[PDB]
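Each remark here refers to the structure printed beneath this line.
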Amino acid sequence: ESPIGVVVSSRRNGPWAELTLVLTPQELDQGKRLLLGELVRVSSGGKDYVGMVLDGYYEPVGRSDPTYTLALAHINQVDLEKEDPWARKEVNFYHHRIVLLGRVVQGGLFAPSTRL
Amino acid sequence: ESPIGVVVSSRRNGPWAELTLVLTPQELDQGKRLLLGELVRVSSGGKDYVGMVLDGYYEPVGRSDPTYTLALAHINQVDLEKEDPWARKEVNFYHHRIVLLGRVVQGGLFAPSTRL
Amino acid sequence: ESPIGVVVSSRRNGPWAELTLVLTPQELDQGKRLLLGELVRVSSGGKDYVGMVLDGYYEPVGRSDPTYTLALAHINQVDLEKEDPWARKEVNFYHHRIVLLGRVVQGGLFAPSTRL
Amino acid sequence: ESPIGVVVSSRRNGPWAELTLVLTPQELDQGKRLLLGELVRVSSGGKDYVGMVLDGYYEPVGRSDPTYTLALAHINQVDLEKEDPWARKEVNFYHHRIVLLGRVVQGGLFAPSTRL
Amino acid sequence: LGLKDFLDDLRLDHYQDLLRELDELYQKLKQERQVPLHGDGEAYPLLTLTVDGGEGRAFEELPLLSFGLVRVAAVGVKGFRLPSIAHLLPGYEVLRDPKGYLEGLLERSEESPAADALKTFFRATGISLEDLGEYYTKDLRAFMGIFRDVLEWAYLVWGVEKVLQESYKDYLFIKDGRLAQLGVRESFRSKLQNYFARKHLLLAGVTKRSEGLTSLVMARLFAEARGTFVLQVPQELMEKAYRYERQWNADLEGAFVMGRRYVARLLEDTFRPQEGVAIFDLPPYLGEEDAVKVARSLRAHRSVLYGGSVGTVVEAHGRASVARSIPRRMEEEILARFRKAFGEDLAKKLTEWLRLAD
Amino acid sequence: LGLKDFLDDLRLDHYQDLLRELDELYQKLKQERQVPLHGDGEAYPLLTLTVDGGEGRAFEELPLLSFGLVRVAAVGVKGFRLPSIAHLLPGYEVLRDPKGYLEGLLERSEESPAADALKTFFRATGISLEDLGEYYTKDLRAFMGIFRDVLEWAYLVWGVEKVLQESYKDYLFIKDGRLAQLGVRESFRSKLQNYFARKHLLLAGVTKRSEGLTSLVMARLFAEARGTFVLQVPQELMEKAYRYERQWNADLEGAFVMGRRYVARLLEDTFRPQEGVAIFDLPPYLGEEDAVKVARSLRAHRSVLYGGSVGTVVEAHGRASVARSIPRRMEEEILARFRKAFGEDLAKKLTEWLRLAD
Numbered sequence: 003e004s005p006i007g008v009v010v011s012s013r014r015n016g017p018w019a020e021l022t023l024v025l026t027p028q029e030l031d032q033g034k035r036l037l038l039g040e041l042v043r044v045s046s047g048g049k050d051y052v053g054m055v056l057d058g059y060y061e062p063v064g065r066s067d068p069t070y071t072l073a074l075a076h077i078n079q080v081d082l083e084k085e086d087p088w089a090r091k092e093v094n095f096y097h098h099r100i101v102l103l104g105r106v107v108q109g110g111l112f113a114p115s116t117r118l
Numbered sequence: 003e004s005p006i007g008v009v010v011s012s013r014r015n016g017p018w019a020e021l022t023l024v025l026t027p028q029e030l031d032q033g034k035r036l037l038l039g040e041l042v043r044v045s046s047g048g049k050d051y052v053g054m055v056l057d058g059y060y061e062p063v064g065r066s067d068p069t070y071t072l073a074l075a076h077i078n079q080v081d082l083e084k085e086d087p088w089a090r091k092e093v094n095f096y097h098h099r100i101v102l103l104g105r106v107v108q109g110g111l112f113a114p115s116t117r118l
Numbered sequence: 003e004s005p006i007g008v009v010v011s012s013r014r015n016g017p018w019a020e021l022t023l024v025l026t027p028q029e030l031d032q033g034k035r036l037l038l039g040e041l042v043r044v045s046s047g048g049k050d051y052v053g054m055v056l057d058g059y060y061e062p063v064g065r066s067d068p069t070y071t072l073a074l075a076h077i078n079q080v081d082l083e084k085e086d087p088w089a090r091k092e093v094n095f096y097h098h099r100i101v102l103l104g105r106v107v108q109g110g111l112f113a114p115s116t117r118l
Numbered sequence: 003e004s005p006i007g008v009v010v011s012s013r014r015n016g017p018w019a020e021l022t023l024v025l026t027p028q029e030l031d032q033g034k035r036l037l038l039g040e041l042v043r044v045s046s047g048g049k050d051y052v053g054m055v056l057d058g059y060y061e062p063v064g065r066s067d068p069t070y071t072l073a074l075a076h077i078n079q080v081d082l083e084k085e086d087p088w089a090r091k092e093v094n095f096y097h098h099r100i101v102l103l104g105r106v107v108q109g110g111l112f113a114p115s116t117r118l
Numbered sequence: 011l012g013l014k015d016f017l018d019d020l021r022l023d024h025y026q027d028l029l030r031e032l033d034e035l036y037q038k039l040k041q042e043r044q045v046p047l048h049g050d051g052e053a054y055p056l057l058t059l060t061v062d063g064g065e066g067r068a069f070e071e072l073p074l075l076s077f078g079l080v081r082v083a084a085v086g087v088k089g090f091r092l093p094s095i096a097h098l099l100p101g102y103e104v105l106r107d108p109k110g111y112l113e114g115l116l117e118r119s120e121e122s123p124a125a126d127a128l129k130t131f132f133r134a135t136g137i138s139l140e141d142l143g144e145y146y147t148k149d150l151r152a153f154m155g156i157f158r159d160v161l162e163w164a165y166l167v168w169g170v171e172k173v174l175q176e177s178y179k180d181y182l183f184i185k186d187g188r189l190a191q192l193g194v195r196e197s198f199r200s201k202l203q204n205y206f207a208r209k210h211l212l213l214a215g216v217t218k219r220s225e226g227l228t229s230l231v232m233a234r235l236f237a238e239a240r241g242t243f244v245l246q247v248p249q250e251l252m253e254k255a256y257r258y259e260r261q262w263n264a265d266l267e268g269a270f271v272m273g274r275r276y277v278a279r280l281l282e283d284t285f286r287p288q289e290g291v292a293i294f295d296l297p298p299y300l301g302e303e304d305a306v307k308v309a310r311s312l313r314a315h316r317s318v319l320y321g322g323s324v325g326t327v328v329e330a331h332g333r334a335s336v337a338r339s340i341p342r343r344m345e346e347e348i349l350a351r352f353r354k355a356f357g358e359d360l361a362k363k364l365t366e367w368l369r370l371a372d
Numbered sequence: 011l012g013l014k015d016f017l018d019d020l021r022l023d024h025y026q027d028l029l030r031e032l033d034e035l036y037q038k039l040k041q042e043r044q045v046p047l048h049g050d051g052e053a054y055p056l057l058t059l060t061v062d063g064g065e066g067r068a069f070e071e072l073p074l075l076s077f078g079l080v081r082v083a084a085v086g087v088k089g090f091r092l093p094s095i096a097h098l099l100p101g102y103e104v105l106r107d108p109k110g111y112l113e114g115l116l117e118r119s120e121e122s123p124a125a126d127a128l129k130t131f132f133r134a135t136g137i138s139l140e141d142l143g144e145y146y147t148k149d150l151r152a153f154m155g156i157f158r159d160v161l162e163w164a165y166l167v168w169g170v171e172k173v174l175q176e177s178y179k180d181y182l183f184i185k186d187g188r189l190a191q192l193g194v195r196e197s198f199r200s201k202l203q204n205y206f207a208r209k210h211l212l213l214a215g216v217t218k219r220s225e226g227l228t229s230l231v232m233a234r235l236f237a238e239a240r241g242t243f244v245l246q247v248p249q250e251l252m253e254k255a256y257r258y259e260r261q262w263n264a265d266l267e268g269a270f271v272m273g274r275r276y277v278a279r280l281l282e283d284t285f286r287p288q289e290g291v292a293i294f295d296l297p298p299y300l301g302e303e304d305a306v307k308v309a310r311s312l313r314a315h316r317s318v319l320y321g322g323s324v325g326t327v328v329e330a331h332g333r334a335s336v337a338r339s340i341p342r343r344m345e346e347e348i349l350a351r352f353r354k355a356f357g358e359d360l361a362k363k364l365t366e367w368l369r370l371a372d
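Protein chains in written order, with PDB author numbering: chain B, 3 to 118; chain A, 3 to 118; chain C, 3 to 118; chain F, 3 to 118; chain G, 11 to 220, 225 to 372; chain H, 11 to 220, 225 to 372.
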């Protein structure tokens with residue numbers, strides 16, 4: 003009904019076309035997650051491709067120092083779930099990698115991979 | 003009947019000569035795309051070559067932070083297209099790779115590859 | 003009963019999920035350590051996983067030059083623990099790497115690996 | 003009978019010595035070029051060598067952003083040879099790599115490679 | 011390198027003299043009374059205000075071909091906020107005519123929120139342009155700072171008297187700087203004090219760090239004292255700080271805080287000497303209990319981002335910041351509008367001059 | 011990043027008169043003789059002077075816990091140089107209470123080279139500390155700037171007096187920066203001018219760019239300029255530049271070049287609009303023939319290191335610079351020396367203060 007995350011990249015990796023995804027702090031706090039190996043739908047220009055979550059990792063977004071921020075907050079026993087919304091929102095991010103497998107067309111014929 | 007994009011590099015990669023291509027936001031919005039494996043025409047000093055689109059990837063152009071910009075716009079529910087046209091004109095780029103197969107010679111035989 | 007360190011990363015490395023751990027100077031001074039190959043319990047969103055310490059290394063945290071700081075302290079005969087408490091409170095960090103083997107579920111079963 | 007470009011590097015690549023060449027924008031506009039596999043004469047310390055043009059690539063010279071400059075020029079639709087010579091004059095460089103095969107001595111006998 | 015060149019007649023006595031005033035001030039601070047904060051208290055919402063901006067390319071060295079920027083943004087508890095006021099500063103007009111721009115801005119009051127806020131602030135506080143003196147007309151560098159400070163004050167007053175006229179009384183207003191205006195006549199300061207005095211407005215200014227000597231000695235004091243607490247800065251310490259700041263930057267003369275300084279340690283544990291320490295000022299009509307409540311509210315609203323922060327301050331600053339590509343896009347927009355207004359023939363010369371000007 | 015907050019009512023009407031006056035100035039520049047400057051010919055040698063100085067960490071924040079560096083080096087021909095002077099400006103000493111440091115250094119019994127140069131310059135030129143005015147006592151920054159300028163002048167005079175008694179008359183002295191003194195009395199300026207006129211010294215000041227330089231309109235009209243040439247800046251441009259400077263920076267009352275100003279073009283291909291251009295000034299007692307001789311000398315000593323630099327200037331600057339390792343080693347060595355002269359616990363206390371801040 004609504005997009006899961008925000009796409010922030012794309013490319014061709016070998017024979018498969020991939021695209022990175024980012025889950026924002028608000029979405030992560032609402033409880034939305036992606037399971038490795040899941041099947042999702044990608045929209046691009048009126049067409050509906052098929053994707054499979056491949057990887058998932060943590061990477062800083064913007065000018066931030068998550069290691070120092072989290073260490074300093076920990077030594078002071080600050081409950082980030084209740085005390086430091088700004089630090090939580092700055093350090094709460096997560097990246098995913100998705101690959102497009104094809105697209106169902108016409109009466110059900112499945113066109114492998116993609117060129118666009 | 004005009005160039006698809008702007009060439010921003012060239013090199014010799016093995017026994018073939020490549021050249022990078024960048025698609026600007028105007029051409030991306032108009033709807034001009036390039037399918038991988040497509041055959042294009044490259045003009046260099048009054049001569050016409052034959053090129054094949056090999057790869058395609060996203061990379062920042064200039065001093066930009068596409069991840070931060072897109073994530074912030076998504077967080078604030080800001081619709082880039084209708085609300086921040088000046089923010090959609092600095093992340094909407096796209097790179098391509100093209101390989102020069104050879105030059106067609108009138109009344110003669112296709113000349114493979116190129117030494118120039 | 004208290005957590006050992008502060009998790010400052012996570013990612014899918016090959017067929018296993020793993021996350022990075024940091025031991026703060028306070029915890030190091032209190033004498034808390036982790037043995038390579040040790041088994042630890044990881045709590046994440048209401049679930050209990052089983053981890054295993056895999057690696058261990060020293061890496062600077064924040065804006066510091068531990069090599070230069072320690073070299074100068076040694077040169078000037080300064081005993082860091084007593085004479086200069088503040089110098090010792092910004093270089094006494096230590097990193098660890100932990101792998102999630104699985105999680106115990108139901109009444110004695112074991113679901114291996116993880117997708118979240 | 004004037005040097006084609008300016009030598010800006012050199013090294014011992016395996017068993018063969020090599021050196022890099024740069025073609026300035028003025029020479030590139032005059033129409034000078036080098037063909038891959040071409041044989042050129044290298045003067046060094048009063049001794050003439052025999053070199054072969056091996057590779058060619060484009061690399062920025064100085065503090066410049068050729069990608070941004072060319073993309074902005076294309077977006078603004080300014081002819082880059084008649085309107086903005088000062089912007090076309092800082093992105094028109096090009097590198098060559100040359101290998102020294104050896105020098106001829108005495109009665110045509112070929113001294114191989116070089117220890118200097 | 012030859013570092014022995016500066017090793018001719020090394021002197022080592024001024025250090026001996028210096029290591030008496032710092033000792034005396036440390037002893038004086040040890041005589042103060044500390045008010046701890048027990049992770050609780052009676053707090054009320056905050057409303058931070060800040061002003062940011064930047065400059066166009068080459069504006070610093072060739073302002074006659076560039077422009078300036080200023081934006082003001084505020085954030086408060088409950089997610090409430092006010093509209094952001096922004097303005098573009100033409101370098102050429104301001105350079106060639108100080109006071110030939112502020113009067114026009116005041117007179118327009120047509121669509122610019124900056125002009126609207128300036129008019130509202132002037133009409134509300136009864137402040138006259140003759141009060142500002144000649145500091146802002148001394149040169150462009152002074153005028154820019156004077157304009158930014160006046161716009162900050164005007165935004166505060168305009169918001170108070172336009173948006174929060176009955177619900178404003180329950181908020182603690184935070185200022186990103188010391189409660190002092192420098193380079194203007196004492197009439198401005200007296201009018202501000204009276205307006206904040208008759209209103210009984212809850213205003214507290216946070217200085218962070220720019225405070226040098228004060229933070230130097232307060233970190234040492236915290237090295238011994240423990241916990242989260244507050245303490246009023248001694249008057250002799252404040253006077254010596256003002257004397258040093260004046261002797262360093264005479265232009266800062268008259269920028270004494272309209273109140274007293276308090277120091278509250280927000281973080282129990284830190285990795286560096288001067289983390290989690292808050293320096294704030296209060297209006298003269300605020301007492302010890304008001305200072306205690308302000309400290310409690312700040313501690314409740316603390317953050318661990320920049321080594322301990324008030325949170326709302328950093329969020330407001332981040333919201334109000336100016337993108338570094340905004341000046342370039344604004345320059346391109348200005349050129350486009352100049353073309354579409356004057357014609358096309360008159361834009362080629364401007365573009366050529368810009369290209370020949372780095 | 012929330013643009014369009016600056017796009018409301020841009021009001022860019024003034025660009026028209028901006029470009030009108032720019033075109034008028036370009037037209038005026040058009041009518042200036044551009045004498046061909048082919049390199050071959052006769053010219054004088056050069057003796058460049060350059061001043062530089064590093065600073066300790068956080069000098070501005072806490073100038074009472076840091077120090078200052080000021081060095082002057084002169085390079086002649088290839089190795090025909092003179093001894094380099096090094097001075098250490100203590101942060102606390104008289105920097106925190108000026109009007110005494112200058113007198114003490116002048117009356118320095120030890121007679122360090124810097125004090126000797128200052129004494130010799132004052133004695134030779136007949137300029138007392140009274141003519142300096144009270145600007146250098148206004149604040150620490152003004153004192154530092156005035157001290158640097160006067161020290162460079164004293165170095166020049168001391169070299170021309172004690173090391174070049176006779177041969178100084180066949181040397182083209184090049185002084186970095188524009189020929190002018192800012193913040194000093196017109197009496198001081200006239201004393202320098204008349205002393206130079208009496209000595210018949212060969213002088214010229216060379217600068218690249220910022225302060226405010228609208229004279230860089232030379233960048234245009236350099237196209238198809240036919241290589242090198244010598245030119246004299248128009249009086250219209252000089253007046254506009256001076257007025258713009260006094261409008262923007264202020265306190266530039268003394269910035270007029272004590273003579274005329276010539277702009278040259280060392281190179282013929284640069285890759286950029288403003289490469290290979292030298293702006294050198296002359297004292298009033300030097301004619302166009304002296305200007306031509308100086309231009310030929312500068313062309314002979316031209317370089318390409320920094321995009322058409324005078325070569326000797328950069329060589330001298332390299333030998334008169336200060337790194338950061340120098341300030342750090344000075345800090346450690348002064349800390350070590352403090353122990354011998356004043357106890358050990360006092361030094362430990364100072365070290366603890368340094369650890370607690372800067």
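Don't be surprised by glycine CBs; every beta carbon is placed ideally from N, CA and C.
So if I threshold CB-CB distances at 7 Å, which residues from the stretch 68-97 of chain B count as touching chain C?
Within the stretch 68-97 of chain B, the qualifying residues are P68, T69, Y70, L72, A73, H76 and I77.
Along chain H, in chain order, which residues have C-beta atoms closer than 9 Å to that of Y102(G)?
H24, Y25, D27 and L28, listed in chain order.
Given that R117(C) touches chain B, what residues does it touch there, using C-beta distances under 8 Å?
Going along chain B in sequence order, the residues near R117(C) (Cβ under 8 Å) are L37, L38 and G39.
Can you check whether the CB of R279(H) is closer than 9 Å to the CB of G290(H)?
In this structure, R279(H) lies closer than 9 Å to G290(H) by Cβ.
Starting from the N-terminal side, write out each stretch of the beta strand (DSSP E) that is 3 residues or longer and does not extend beyond the stretch 132-215 of chain H.
The stretch 132-215 of chain H contains these whole beta strand (DSSP E) runs: 182-186.
In this structure, how does DSSP classify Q246(H) when only helix, strand and coil are distinguished?
Of the three classes helix, strand and coil, the one that applies to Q246(H) here is strand, per DSSP.
What does the Cβ neighbour count give for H97(H), buried or exposed, with the cut at 16 atoms within 10 Å?
Buried, because 16 or more other Cβ atoms sit within 10 Å of the Cβ of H97(H).
Does the stretch 77-93 of chain G touch the stretch 353-364 of chain G, meaning 3 or more C-beta pairs lie closer than 8 Å?
Contact between the stretch 353-364 of chain G and the stretch 77-93 of chain G is absent, because fewer than three Cβ pairs lie under 8 Å.
Hey, how far is the Cα of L103(A) from the Cα of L21(A)?
Whole-angstrom Cα-Cα distance: 12 Å.
Roughly how many angstroms separate the alpha carbons of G273(G) and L32(G), rounded to a whole number?
Each residue's Cα considered, the two are about 23 Å apart.
With 9 Å set as the bound, which would you pick, yes or no: does the beta-carbon of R234(G) sit closer than that to a beta-carbon of chain C?
No, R234(G) lies away from the interface with chain C (no Cβ there is under 9 Å from its Cβ).
Would you kindly report the start and end of the unbroken alpha helix (DSSP H) that includes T326(H)?
Here the alpha helix (DSSP H) through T326(H) covers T326 to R333.
Does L370(H) come within less than 9 Å of chain A when only Cβ atoms are used?
So no, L370(H) is outside the interface.
Examine the Cβ distances between the stretch 93-110 of chain C and the stretch 49-58 of chain F and report whether three or more of them are shorter than 8 Å.
These segments do not touch.
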